[PDB]
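Before any questions on how it binds or moves, here is one chain, the form deposited without the RNA, in structure tokens.
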């Protein structure tokens, strides 16, 4: 399976505690304006940048009080409102909601969650959370009500990412299963996408505005493999560079994907030709 070569056109970040610097970019998400939202874990803050990697603003500070965060890992965006969903690591296993201006909205799930490892929001505003160490998926509404939850220790081994479509299907990247596992809101395993030799050791999963499923991995260089929701292989790319441990990926509309890694940086990769104007 040959893949097209891809190279990032933008990279930003460096070690630090100041604006635009990171300690650990554990989570990344993108809003409707293509702004890049990042969970800077050891700085207990969320940083927002424009589609070009330029710093816009930050919110959150170490603490356990409204507007404060404690080891934030992972973020998602409510597309229609610009609201930012944040999850806090195991110790403070809960989620928080901030609006597009960084104003605190609410927090909940501290007595429900345990090991949040992935989060996303569907087109109806529902918040989907996937947990490891106990393989479980929890679904909440904007107000913090548990709409449903199901275990999945029979189909998941090292969940590390999740996206959803508009037909109540949950796509979870499974690092040790070398693929993405698909389930429905009832918790039924439906099918898998990718597999050994195609999507080895996925580090995350993303979904296109076109509904395509993007599976990323850093097994021998950074690789991106694109599939339809039914599991049909459409494209395959690879970077000529091996990155530092990669934490998460997020899709931008315009054929781009953002990668967050342990080297205190985020890289933006073009995974499809933008086509000439007029064509």
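Residue numbers count along the first chain shown, from 1.
The protein also exists as the form deposited with the RNA bound; that form is not presented, and the subsequent description refers to it.
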Next item on the list: Just give me the single entry in 104, 108, 185, 201 that has a non-hydrogen atom within 4.5 angstroms of the RNA in the bound PDB entry.
Entry: 201
Check: From the list 232, 67, 235, 220, which entry has a heavy atom within 4.5 Å of the RNA in the bound PDB entry?
Finding: 220
Check: With the partner left out here, if you bring back the RNA in the bound PDB entry, are 71, 133 and 157 all within 4.5 Å of it by some heavy atom?
Finding: yes
Next item on the list: Would you point out which of 187 to 195, 145 to 153, 87 to 95, 161 to 169 contains residues with a non-hydrogen atom within 4.5 Å of the RNA in the bound PDB entry?
Entry: 87 to 95
Notebook entry, point to check: Using 4.5 Å between non-hydrogen atoms, is residue 79 touching the RNA in the bound PDB entry?
Noted result: no
Next item on the list: Tell me, yes or no, whether residue 210 is in contact with the RNA in the bound PDB entry, where a contact means a heavy atom of each within 4.5 Å.
Entry: no
Next item on the list: Classify residue 124 as contacting or not contacting the RNA in the bound PDB entry by the rule of any non-hydrogen atom within 4.5 angstroms, answering yes or no.
Entry: no
Notebook entry, point to check: Does the RNA get within 4.5 angstroms of any non-hydrogen atom of residue 246 in the bound PDB entry?
Noted result: yes
